[PDB]
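J.: Attaching a single structure in structure tokens format; questions to follow.
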Amino acid sequence: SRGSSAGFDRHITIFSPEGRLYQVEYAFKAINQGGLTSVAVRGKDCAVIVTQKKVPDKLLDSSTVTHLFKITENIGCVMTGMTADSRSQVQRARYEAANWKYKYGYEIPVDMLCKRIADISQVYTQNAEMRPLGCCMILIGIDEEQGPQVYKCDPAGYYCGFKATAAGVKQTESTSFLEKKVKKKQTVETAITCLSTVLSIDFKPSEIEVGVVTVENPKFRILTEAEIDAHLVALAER
Amino acid sequence: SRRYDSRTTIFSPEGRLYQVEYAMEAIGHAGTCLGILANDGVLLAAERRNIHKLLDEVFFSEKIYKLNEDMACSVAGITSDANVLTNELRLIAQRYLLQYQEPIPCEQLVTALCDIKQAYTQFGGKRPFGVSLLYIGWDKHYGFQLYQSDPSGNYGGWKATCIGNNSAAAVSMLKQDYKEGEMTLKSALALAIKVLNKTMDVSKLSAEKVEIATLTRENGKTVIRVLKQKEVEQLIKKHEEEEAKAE
Amino acid sequence: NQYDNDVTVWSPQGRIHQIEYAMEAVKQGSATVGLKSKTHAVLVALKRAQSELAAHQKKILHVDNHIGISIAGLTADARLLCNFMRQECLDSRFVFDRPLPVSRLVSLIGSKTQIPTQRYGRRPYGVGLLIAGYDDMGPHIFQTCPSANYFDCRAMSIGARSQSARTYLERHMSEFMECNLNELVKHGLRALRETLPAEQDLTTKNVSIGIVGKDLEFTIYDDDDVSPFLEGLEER
Amino acid sequence: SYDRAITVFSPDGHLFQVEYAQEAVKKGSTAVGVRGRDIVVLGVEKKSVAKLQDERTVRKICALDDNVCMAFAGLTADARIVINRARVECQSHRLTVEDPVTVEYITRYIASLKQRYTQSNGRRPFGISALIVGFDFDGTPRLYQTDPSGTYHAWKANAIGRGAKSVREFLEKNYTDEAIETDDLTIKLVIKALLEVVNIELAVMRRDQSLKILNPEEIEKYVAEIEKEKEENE
Amino acid sequence: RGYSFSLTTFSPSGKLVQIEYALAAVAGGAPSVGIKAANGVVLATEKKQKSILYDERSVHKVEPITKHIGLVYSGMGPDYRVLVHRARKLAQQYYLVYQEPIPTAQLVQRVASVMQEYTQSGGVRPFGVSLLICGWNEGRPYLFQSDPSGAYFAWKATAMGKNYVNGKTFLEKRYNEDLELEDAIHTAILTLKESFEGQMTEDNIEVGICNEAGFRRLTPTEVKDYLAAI
Amino acid sequence: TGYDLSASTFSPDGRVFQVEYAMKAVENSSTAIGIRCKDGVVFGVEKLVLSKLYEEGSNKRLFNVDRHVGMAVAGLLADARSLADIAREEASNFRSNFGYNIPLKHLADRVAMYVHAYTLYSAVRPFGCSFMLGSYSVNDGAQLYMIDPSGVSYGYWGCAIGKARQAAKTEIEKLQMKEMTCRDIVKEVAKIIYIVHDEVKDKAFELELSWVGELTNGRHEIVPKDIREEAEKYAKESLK
Amino acid sequence: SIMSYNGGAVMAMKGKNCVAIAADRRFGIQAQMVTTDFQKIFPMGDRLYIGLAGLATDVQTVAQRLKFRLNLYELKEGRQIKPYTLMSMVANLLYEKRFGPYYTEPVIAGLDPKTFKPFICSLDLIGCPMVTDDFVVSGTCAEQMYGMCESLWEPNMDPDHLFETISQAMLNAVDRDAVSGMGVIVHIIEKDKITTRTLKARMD
Amino acid sequence: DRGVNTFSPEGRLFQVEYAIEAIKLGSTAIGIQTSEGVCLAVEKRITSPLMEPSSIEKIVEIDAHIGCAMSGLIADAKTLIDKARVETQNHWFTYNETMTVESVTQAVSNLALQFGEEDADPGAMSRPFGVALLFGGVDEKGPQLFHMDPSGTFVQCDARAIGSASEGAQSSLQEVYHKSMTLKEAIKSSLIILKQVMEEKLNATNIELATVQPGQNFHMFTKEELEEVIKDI
Ligand SMILES: [K+]
Ligand SMILES: [Mg+2]
Ligand SMILES: [Mg+2]
């Protein structure tokens, strides 16, 4: 015990002598290979997702570089990690949500969608023939009774609802920032401030992406550059 | 895929089935379990391992399973594996009864299960079941019977036998004290307590720590009873009384 | 070693050793030559005899009236592939009442042979083909490989010591398009003869010829029927 | 379903899983068969003795049909499977041809079963050999043997199991017209052959008369009658 | 089409080490406690609650299976969720055939049997969880545990997860068979306090109860009240 | 590595080396480029001639996958051809189910998910190819997507794949492609291919050119012979 | 009609801490009597019986298939099946064959194995259950049986009066049905004993 | 450890090369093709006098006009022989004619390489067949002998030996073989050569011989007919 290994416990999802799944732990490291960080926060009126938009090239069509995804018209999502894995998990989420609506006659609750994706991830932690997906999904939406929601699930199949949360390279630093801020008794401002602190950047409007849902306007919306700029300008004048 | 495959159902270089042998080591460590054939009945006597703690005592026994009206069994080895096999025994017994409208002869039930166990050692690449079983019963072909099966899918009929902890030592004791053609349920019960008193190295043997079931005939009908704790204490006492005359 | 047994394991150099090893099967087969003119496609092949009393191995197989093949590598894989090709040609005549175009047949071989290069426990086909055909686009010589790749050729040679044939074919290929048929076969035979040890010669026992074109359904020539092509005899 | 090749060739042409199955046979109880003139006999070593065992439940000699039976050496569980499959097949033959099987027919069936398990994905070979005996419709007595490879042959007499080497050496020198002229001697030839390595279960099949098993009082008659003769021979 | 071969096999000493290693995941899991009272059953567990950022009410560890049966675990949460879904599905299948709620013992047998499958079936690992299952049927309370091997046991009281050996000796010198449910809740919470670290609130433990009225979770405000006196 | 034998195994640093090794097969391939402009997309490929016995045209690396979509490939050619068949089937089925030409973005995403599925399992290996998809229509404009062996898919103004990738990208970055036309860009695609071609290390190549734009009425087509030759001549003379 | 091919009749009836179940004894094929001791009531428990009328082959098959299921249930559970639970088990077995049914319409009579409360029910051939507090009938003379039961049945009958009523209901019913009768068997089920009688009955 | 369909660096399938090594452990068999018929002769290789020599069959009738001699792992040969039998009867059923020797050989040889472990239908073949075969028969091409090995390569042969002593036996066959050779000369030649290469002293019970002739159906020689030919020694 303490970093012990037997057999194939570093290669497939079997228990190590301590009771660990090294392959799952390695899927968490795969999340940081993308090099990006994402933050999400929930208020009484709205929920917001902000993530980095790195476009080093500019031979890229930057409209197609995004980690923000519409799942349904009322459910939005930010993906952190391996891109192709992420895209696949987005398809599955879309499929699960459409199917729920078809069978049950009402939009999937965000908590249920997250749970479902987590339960699917769980299968890859217990069956030896496939790897976990090296990605993390954060979902936002409005619930009719509970208000705005942010949910996250991970490659271990854990999931939770959050007041605010983060994913990727600066997760632990964003968590600390949000902890000290939430400890006291504006949601888009907090999210972009958190991200800008932990990266020490101070953004241009083309270097982030922002997604929102609000109690008034529950349709998932992606902000334009101009709309983001207006928030960046409003913060700059303290 | 080839890389990860244990290869559970292949021969070793000396013609051996390693997974079977290792299962048999698991059984060697499990709670001791014996059966004794008498003229007027059959018994099973087993060490309890669910013994005790803050445990609740909810079922009629821990390791004695009724299989049908005329048959019971006991198990030594992996408990969950035993639950799969005993459940399957019950099913085999009811399939026979459906088809013939008479009870499955004891040996046929054992054989049917042993074919399943054998198959797990020859195809499929799975681990075998880590279980040995003692079976007691009555049928109209051979009357009172006792059988033993093990993880290879091998079996045999016995007048007395033991599986589990200190088996070799128990079979010694039985070879000497067991009277072929001349045992009663009362003398076999005394012999059972004698052997369990030797083989449980957990020194001063107790009723809380053993289970006995008897199988007899009464009015053309098979009776299967798990002795209550008052009967088990009373028999331990008669074995403690009996040790002296020996002095 | 940990990268050379499975067709599903990429090496660190971006190679698949099982495919390369399948390609060695074809380098070890006896040589064959494929070439074409404006009007004909011809195959020429060296046949090996396991002993003096054995018959020489077939290297040239009929596929349809307008297609034949020459093989190098595992014979059993050659037969399985040739049977596949035959079937696709029959299907096409069944459905459309016209010959399957040669480039479409070659595509079908590519798809079919690529499949096992990507699945665990499967293996490449260990055979390389030269394919002679004639259709509306005229004569063709294609080459197929164990990698599932294929090539459209002015001429080609595969198998043992085929590099010598290739070198002859390059030297004279600017002549091929306007050769009459005898000239073209003479060219094939000379290219094939270059693969032979200095002592060894082309005989009626060891040469097999395949011809298709504008005037002629795919026809195979063995034994006494190759004699007209061998005399002939330019060399020295 | 388990598609692993289990029996494969090794570099010098060996099928090692089959050779290992053969090692399982060599650690089994010795079994002997002799083809007499108008009788056929099979006998087999101890098992364990063990005073507490029900003798009936561990016989290593088994009826396949009225006119064919077998003994085996090797893995007993594997043998039970082969035995039941052959029994099923005897009844199919009876069904579709309205004759009992020849001893050869069923020997051939058992052998091809065994051969299949050496050339099929997910299965190890059967760890047994079998001696198969009986009589055809025309009265000719028969002794056949099968092994894990699916090879089969006819024998005048033979052994399999532990110490088959020496027991076969004994039979080679001792099988003569004189030792099989009568039934008593044929039966004795088997018991002497076993006493060479060996208790002893034994059974006989007379032309038409179906399978008789002996009988521990009738057996130790022959035991003492050979044991005292191998003391005079010292 | 899967890996068909087992991933749990016997070692030379007769151990199934993938199960032993599953048990190690259980032993490093958060603590759980079950106590069978005379007139009820209590299940309690520690919520490993890092960060004030979690919404504590969003996911639960103590779960209803039916109106009369509930669950808690120690070990890996996502594995537990699988088993909660199967137990629920098993409970309904039973109800559809028999039109009677599934007896606690029957539910445990069926769930244990699913756990057994994952010790033998191709290409999978066992579950890294032990379950505690409470229920009320035949006018009487039940408490069961089911382990990664698929073995189950009926308990009067027990503990699992981190520090369980001590939890069990604590309960041993504290449980009696004639104890009421409100008192058993108190001692369950005390058993967790033995191995807590951090100071308890009603937002980082979870408690479920089972009696004649059925199974339910205690609310934050009910737990807060029991936490006065602790 | 430990660790690099199966796409179902993560390394301890969170990498999937079988996918990286497939990427290496592409990075050993000769270079293909795509450029999106004002009124279409143009593709060019450096096609190495491994033998003068091959026909001028053989081993095409530019494919029509629908009447409005071209595909440009680098890497293991049999894997690339099989991917062109998947793309073709996807576009064909799209038209059958929904009744119109598949939007390029949607075809790229669908084919990328297929490529992605070969990166999770021991049962299969990753594709050893990267490919670009190009189209033009009046409604959607010019679009150029690129997909690699991990199954990642992005839209581009300009793109290069294969061994002189980086060298090609720096030349492409010098173009104001947004304001230029296909008839102009062909010359520049040919020019860039001749620049990044290592004429010492691997002599002799054929240039392969195709386009899709207003000037082809939204059909993907080979660049005509006379225009290819003028672009070759421009490229060659710009080098000297 | 498929249900009149073999004929037959069963009924059950509730009393004070007791139940009764009865059946005719004829096995016949259309007009022909084959046997006069054919069993239609099967014990499912010490105090719990199922009577089946309908096509004789399915009477037997349903009884045997049900017993299979009950035997497993009792082995696996702690215990003897409750009446209401046997009803559900039968319902379930019949509705599995919803689109190719067994041609049998059972009645169940018993006492709870703990509380000894009386229980009766019947089911149709696809497993619709009907529980009543008085009586249930099934067979080719259902109308005849309803006439008798509806006129004779009273509440809270002791074992003796229950016997006379169920017997008179059956005997007079089947005597107006050509393909039921050739004898009647009656089981009275009490807490402490089972009483089984055959009745003196018309044999035409 | 590696799968049954792995290529070696030299471009051969390991399992097939290894199956070819198993043929070298088999008894020697000889075939000779003459204008008067073909003959097949095989060393039985008796391992004990207790064994019935006639229960060793290594030459088998395929159809009336075709025999088969085998060497290697004999049990493996059964499924191949059955398949040859069934194919010739299927051909007769459909076309009302006899199947050519070359066609029968071809059909059997198409089973060689049909083994594997993930494509895989039943529990279909897990490995190649450890057998070589000589098919000798008569069709309208005249008398004909073909050889097949575990690779699925098959070829016509004027004379051929297989099994342990085949190098030596083949060398002796090159020496004696001529095209105008009679069948009775070919029979004597093959017995002469088996005598040399066998570890046991040749006699009428430890070899088998069969012919197929234009006039005549497949014929296994009797003890008595063997004794006649053995006299010349
Ligand atoms: K996995
Ligand atoms: Mg009537
Ligand atoms: Mg009448």
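In the structure tokens, the first chain shown is A, the next is B, and so on; residue numbers restart at 1 for each chain, and ligands run from 1 in the order shown.
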Which residues are near residue 150 (chain G)? Cut-off 12 Å, only C-alpha atoms, ignore same chain within fewer than 6 positions. Put them as a PyMOL selection string.

T.: chain G and resi 13+134-137+142-144+165-166+169+173

J.: For residue 122 (chain C), list every protein, DNA or RNA residue within 12 Å, evaluated using only C-alpha atoms, and leave out those in the same chain fewer than 6 positions away; present the list as a PyMOL selection string.

T.: (chain C and resi 5-9+18-19+113-116) or (chain F and resi 123-125) or (chain H and resi 2-7+114-120)

J.: Around ligand 3, out to 9 Å and counting only C-alpha atoms and all ligand atoms, which residues are there? I want them as a ChimeraX atom specification.

T.: /G:31-33,178-179,182,203-204

J.: Give me the residues within 7 Å of region 56-66 of chain E as a PyMOL selection string, counting only C-alpha atoms and dropping any in the same chain fewer than 2 places off.

T.: (chain A and resi 160-161) or (chain E and resi 54+68-72+87-88+203+206-208+215-217)

J.: For the residues in the current selection, export C-alpha atoms as a tab-separated table (two decimals), in the first residue's frame.

T.:
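Final output, selection.tsv:
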chain	number	residue	atom	x	y	z
A	160	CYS	CA	-22.86	17.19	-8.23
A	161	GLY	CA	-24.85	20.37	-8.14
E	54	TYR	CA	-21.15	21.91	-3.13
E	68	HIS	CA	-40.48	0.37	3.17
E	69	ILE	CA	-36.73	-0.19	2.18
E	70	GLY	CA	-33.68	2.13	2.18
E	71	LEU	CA	-29.94	2.12	1.49
E	72	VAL	CA	-26.59	3.54	2.35
E	87	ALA	CA	-32.40	-2.64	-6.48
E	88	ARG	CA	-35.22	-0.29	-7.43
E	203	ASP	CA	-25.41	19.55	6.19
E	206	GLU	CA	-27.17	12.13	6.38
E	207	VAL	CA	-29.62	9.98	8.31
E	208	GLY	CA	-32.39	7.64	7.20
E	215	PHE	CA	-38.52	4.46	5.02
E	216	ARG	CA	-37.49	8.10	4.66
E	217	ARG	CA	-34.52	10.46	4.99

J.: Pick out the chain E residues within 8 Å of chain B. Count only C-alpha atoms. Give them as a ChimeraX atom specification.

T.: /E:3-15,112-113,116,120-122,149-151,153-158,172

J.: Would you write out those residues with N, CA and C atoms, as a PDB file, in the first residue's frame?

T.:
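Result written to selection.pdb:
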ATOM      1  N   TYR E   3     -14.736  -8.303 -23.432  1.00  0.00           N
ATOM      2  CA  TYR E   3     -13.767  -9.282 -22.969  1.00  0.00           C
ATOM      3  C   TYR E   3     -14.592 -10.374 -22.252  1.00  0.00           C
ATOM      4  N   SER E   4     -14.540 -11.622 -22.726  1.00  0.00           N
ATOM      5  CA  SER E   4     -15.315 -12.731 -22.129  1.00  0.00           C
ATOM      6  C   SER E   4     -14.722 -13.449 -20.897  1.00  0.00           C
ATOM      7  N   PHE E   5     -13.439 -13.241 -20.649  1.00  0.00           N
ATOM      8  CA  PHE E   5     -12.700 -13.923 -19.574  1.00  0.00           C
ATOM      9  C   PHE E   5     -12.873 -13.198 -18.284  1.00  0.00           C
ATOM     10  N   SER E   6     -12.771 -13.901 -17.154  1.00  0.00           N
ATOM     11  CA  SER E   6     -12.874 -13.274 -15.827  1.00  0.00           C
ATOM     12  C   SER E   6     -11.655 -12.397 -15.552  1.00  0.00           C
ATOM     13  N   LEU E   7     -11.890 -11.319 -14.814  1.00  0.00           N
ATOM     14  CA  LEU E   7     -10.837 -10.450 -14.302  1.00  0.00           C
ATOM     15  C   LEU E   7     -10.581 -10.674 -12.807  1.00  0.00           C
ATOM     16  N   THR E   8     -11.513 -11.346 -12.107  1.00  0.00           N
ATOM     17  CA  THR E   8     -11.241 -11.892 -10.776  1.00  0.00           C
ATOM     18  C   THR E   8     -11.024 -13.411 -10.914  1.00  0.00           C
ATOM     19  N   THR E   9      -9.884 -13.882 -10.391  1.00  0.00           N
ATOM     20  CA  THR E   9      -9.499 -15.285 -10.414  1.00  0.00           C
ATOM     21  C   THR E   9      -8.907 -15.668  -9.069  1.00  0.00           C
ATOM     22  N   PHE E  10      -8.712 -16.960  -8.830  1.00  0.00           N
ATOM     23  CA  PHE E  10      -8.088 -17.416  -7.595  1.00  0.00           C
ATOM     24  C   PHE E  10      -6.582 -17.287  -7.690  1.00  0.00           C
ATOM     25  N   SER E  11      -5.983 -16.825  -6.599  1.00  0.00           N
ATOM     26  CA  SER E  11      -4.533 -16.838  -6.437  1.00  0.00           C
ATOM     27  C   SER E  11      -4.127 -18.215  -5.865  1.00  0.00           C
ATOM     28  N   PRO E  12      -2.808 -18.520  -5.831  1.00  0.00           N
ATOM     29  CA  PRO E  12      -2.373 -19.846  -5.344  1.00  0.00           C
ATOM     30  C   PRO E  12      -2.799 -20.222  -3.907  1.00  0.00           C
ATOM     31  N   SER E  13      -2.968 -19.197  -3.063  1.00  0.00           N
ATOM     32  CA  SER E  13      -3.448 -19.369  -1.685  1.00  0.00           C
ATOM     33  C   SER E  13      -4.985 -19.360  -1.579  1.00  0.00           C
ATOM     34  N   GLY E  14      -5.694 -19.400  -2.703  1.00  0.00           N
ATOM     35  CA  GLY E  14      -7.146 -19.458  -2.698  1.00  0.00           C
ATOM     36  C   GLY E  14      -7.878 -18.145  -2.462  1.00  0.00           C
ATOM     37  N   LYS E  15      -7.173 -17.024  -2.528  1.00  0.00           N
ATOM     38  CA  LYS E  15      -7.826 -15.737  -2.392  1.00  0.00           C
ATOM     39  C   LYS E  15      -8.316 -15.260  -3.771  1.00  0.00           C
ATOM     40  N   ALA E 112     -27.467  -8.956  -3.912  1.00  0.00           N
ATOM     41  CA  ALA E 112     -26.198  -9.613  -3.614  1.00  0.00           C
ATOM     42  C   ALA E 112     -25.779 -10.475  -4.793  1.00  0.00           C
ATOM     43  N   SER E 113     -26.775 -11.103  -5.372  1.00  0.00           N
ATOM     44  CA  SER E 113     -26.605 -11.937  -6.528  1.00  0.00           C
ATOM     45  C   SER E 113     -26.063 -11.146  -7.740  1.00  0.00           C
ATOM     46  N   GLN E 116     -22.465 -10.625  -6.964  1.00  0.00           N
ATOM     47  CA  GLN E 116     -21.736 -11.849  -7.265  1.00  0.00           C
ATOM     48  C   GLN E 116     -21.347 -11.913  -8.728  1.00  0.00           C
ATOM     49  N   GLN E 120     -17.186 -12.620 -11.430  1.00  0.00           N
ATOM     50  CA  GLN E 120     -17.071 -13.855 -12.234  1.00  0.00           C
ATOM     51  C   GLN E 120     -17.274 -13.624 -13.710  1.00  0.00           C
ATOM     52  N   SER E 121     -18.241 -12.781 -14.036  1.00  0.00           N
ATOM     53  CA  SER E 121     -18.560 -12.434 -15.397  1.00  0.00           C
ATOM     54  C   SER E 121     -17.394 -11.802 -16.174  1.00  0.00           C
ATOM     55  N   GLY E 122     -17.417 -11.907 -17.484  1.00  0.00           N
ATOM     56  CA  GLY E 122     -16.318 -11.445 -18.301  1.00  0.00           C
ATOM     57  C   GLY E 122     -16.073  -9.946 -18.314  1.00  0.00           C
ATOM     58  N   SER E 149     -18.091  -9.227  -2.629  1.00  0.00           N
ATOM     59  CA  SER E 149     -18.202 -10.631  -3.053  1.00  0.00           C
ATOM     60  C   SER E 149     -19.632 -11.069  -3.408  1.00  0.00           C
ATOM     61  N   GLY E 150     -20.633 -10.303  -2.972  1.00  0.00           N
ATOM     62  CA  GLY E 150     -22.017 -10.736  -3.045  1.00  0.00           C
ATOM     63  C   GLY E 150     -22.469 -11.514  -1.821  1.00  0.00           C
ATOM     64  N   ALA E 151     -21.626 -11.650  -0.811  1.00  0.00           N
ATOM     65  CA  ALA E 151     -22.062 -12.232   0.458  1.00  0.00           C
ATOM     66  C   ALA E 151     -22.876 -11.182   1.217  1.00  0.00           C
ATOM     67  N   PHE E 153     -25.183 -10.400   5.171  1.00  0.00           N
ATOM     68  CA  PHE E 153     -25.288 -10.740   6.576  1.00  0.00           C
ATOM     69  C   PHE E 153     -26.369  -9.870   7.192  1.00  0.00           C
ATOM     70  N   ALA E 154     -27.102 -10.446   8.138  1.00  0.00           N
ATOM     71  CA  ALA E 154     -28.053  -9.717   8.950  1.00  0.00           C
ATOM     72  C   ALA E 154     -27.401  -9.251  10.264  1.00  0.00           C
ATOM     73  N   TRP E 155     -27.525  -7.952  10.534  1.00  0.00           N
ATOM     74  CA  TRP E 155     -26.919  -7.296  11.681  1.00  0.00           C
ATOM     75  C   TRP E 155     -27.979  -6.707  12.614  1.00  0.00           C
ATOM     76  N   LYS E 156     -27.651  -6.669  13.911  1.00  0.00           N
ATOM     77  CA  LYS E 156     -28.334  -5.825  14.909  1.00  0.00           C
ATOM     78  C   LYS E 156     -27.769  -4.399  14.855  1.00  0.00           C
ATOM     79  N   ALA E 157     -26.479  -4.286  14.590  1.00  0.00           N
ATOM     80  CA  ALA E 157     -25.831  -2.998  14.425  1.00  0.00           C
ATOM     81  C   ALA E 157     -24.471  -3.241  13.812  1.00  0.00           C
ATOM     82  N   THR E 158     -23.995  -2.297  13.005  1.00  0.00           N
ATOM     83  CA  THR E 158     -22.654  -2.377  12.432  1.00  0.00           C
ATOM     84  C   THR E 158     -22.128  -1.042  11.864  1.00  0.00           C
ATOM     85  N   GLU E 172     -20.782  -2.393  19.982  1.00  0.00           N
ATOM     86  CA  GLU E 172     -20.733  -3.544  20.891  1.00  0.00           C
ATOM     87  C   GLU E 172     -20.886  -3.169  22.366  1.00  0.00           C
TER      88      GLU E 172
END

J.: Would you list, as an NGL selection string, the residues of region 67-212 of chain B that end up in strand (DSSP E or B) under DSSP run on this structure's backbone?

T.: :B and (67-68 or 71-77 or 123 or 131-139 or 143-149 or 155-158 or 160-163 or 210-212)

J.: Next, the residues of the selection above should be written as a PDB file, in the first residue's frame with C-alpha atoms.

T.:
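Saved as part_14.pdb:
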ATOM      1  CA  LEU B  67     -33.154 -28.108  -2.010  1.00  0.00           C
ATOM      2  CA  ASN B  68     -36.544 -29.830  -2.328  1.00  0.00           C
ATOM      3  CA  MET B  71     -32.999 -33.112   0.015  1.00  0.00           C
ATOM      4  CA  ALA B  72     -30.743 -30.613   1.712  1.00  0.00           C
ATOM      5  CA  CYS B  73     -27.175 -29.507   1.303  1.00  0.00           C
ATOM      6  CA  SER B  74     -24.375 -27.747   3.035  1.00  0.00           C
ATOM      7  CA  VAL B  75     -21.512 -25.761   1.572  1.00  0.00           C
ATOM      8  CA  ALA B  76     -17.892 -24.811   2.187  1.00  0.00           C
ATOM      9  CA  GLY B  77     -16.113 -22.066   0.263  1.00  0.00           C
ATOM     10  CA  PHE B 123     -14.869 -23.630 -21.680  1.00  0.00           C
ATOM     11  CA  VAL B 131     -17.494 -24.283  -3.481  1.00  0.00           C
ATOM     12  CA  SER B 132     -17.688 -27.817  -2.248  1.00  0.00           C
ATOM     13  CA  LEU B 133     -21.016 -29.288  -1.269  1.00  0.00           C
ATOM     14  CA  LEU B 134     -22.354 -32.034   0.907  1.00  0.00           C
ATOM     15  CA  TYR B 135     -25.790 -33.313  -0.068  1.00  0.00           C
ATOM     16  CA  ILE B 136     -28.162 -35.327   2.073  1.00  0.00           C
ATOM     17  CA  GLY B 137     -31.425 -36.922   1.014  1.00  0.00           C
ATOM     18  CA  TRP B 138     -33.892 -39.723   0.603  1.00  0.00           C
ATOM     19  CA  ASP B 139     -35.143 -41.301  -2.609  1.00  0.00           C
ATOM     20  CA  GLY B 143     -32.997 -44.522   0.334  1.00  0.00           C
ATOM     21  CA  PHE B 144     -30.846 -42.410   2.646  1.00  0.00           C
ATOM     22  CA  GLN B 145     -27.807 -40.942   0.876  1.00  0.00           C
ATOM     23  CA  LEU B 146     -24.876 -38.583   1.292  1.00  0.00           C
ATOM     24  CA  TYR B 147     -22.899 -37.005  -1.560  1.00  0.00           C
ATOM     25  CA  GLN B 148     -19.911 -34.732  -1.895  1.00  0.00           C
ATOM     26  CA  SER B 149     -19.019 -32.513  -4.837  1.00  0.00           C
ATOM     27  CA  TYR B 155     -18.552 -36.046  -6.939  1.00  0.00           C
ATOM     28  CA  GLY B 156     -18.954 -39.146  -4.897  1.00  0.00           C
ATOM     29  CA  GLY B 157     -21.283 -40.872  -2.477  1.00  0.00           C
ATOM     30  CA  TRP B 158     -20.109 -41.384   1.080  1.00  0.00           C
ATOM     31  CA  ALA B 160     -19.446 -40.225   6.148  1.00  0.00           C
ATOM     32  CA  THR B 161     -17.234 -37.357   5.028  1.00  0.00           C
ATOM     33  CA  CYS B 162     -15.917 -33.831   5.722  1.00  0.00           C
ATOM     34  CA  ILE B 163     -15.000 -30.713   3.771  1.00  0.00           C
ATOM     35  CA  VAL B 210     -22.402 -25.092  15.141  1.00  0.00           C
ATOM     36  CA  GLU B 211     -25.384 -26.009  12.996  1.00  0.00           C
ATOM     37  CA  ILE B 212     -26.863 -29.463  12.746  1.00  0.00           C
TER      38      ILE B 212
END

J.: Env of region 26-29 of chain F: 7 Å cut, atoms = only C-alpha atoms, seq-sep filter 5 positions within chain, self excluded. Answer as a PyMOL selection string.

T.: chain F and resi 74-75+128-130+162-163

J.: Next, write the just-selected residues to a file, as a short mmCIF file (atom, residue, chain, number, x, y, z; two decimals), in the first residue's frame, keeping N, CA and C atoms as the atom set.

T.:
data_model
loop_
_atom_site.label_atom_id
_atom_site.label_comp_id
_atom_site.auth_asym_id
_atom_site.auth_seq_id
_atom_site.Cartn_x
_atom_site.Cartn_y
_atom_site.Cartn_z
N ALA F 74 -4.09 12.94 -45.99
CA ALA F 74 -2.70 12.60 -45.77
C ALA F 74 -2.60 11.44 -44.78
N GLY F 75 -1.62 10.58 -44.99
CA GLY F 75 -1.40 9.47 -44.07
C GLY F 75 -1.56 8.15 -44.76
N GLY F 128 -4.97 6.02 -39.37
CA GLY F 128 -3.73 6.70 -39.61
C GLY F 128 -3.85 7.78 -40.65
N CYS F 129 -4.84 8.63 -40.50
CA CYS F 129 -5.03 9.68 -41.48
C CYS F 129 -5.68 10.92 -40.92
N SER F 130 -5.35 12.01 -41.58
CA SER F 130 -5.99 13.30 -41.35
C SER F 130 -6.56 13.67 -42.70
N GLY F 162 0.36 16.72 -42.98
CA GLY F 162 1.54 16.02 -43.46
C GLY F 162 2.82 16.61 -42.92
N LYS F 163 3.92 16.26 -43.58
CA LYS F 163 5.26 16.45 -43.01
C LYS F 163 5.80 17.86 -43.05
#
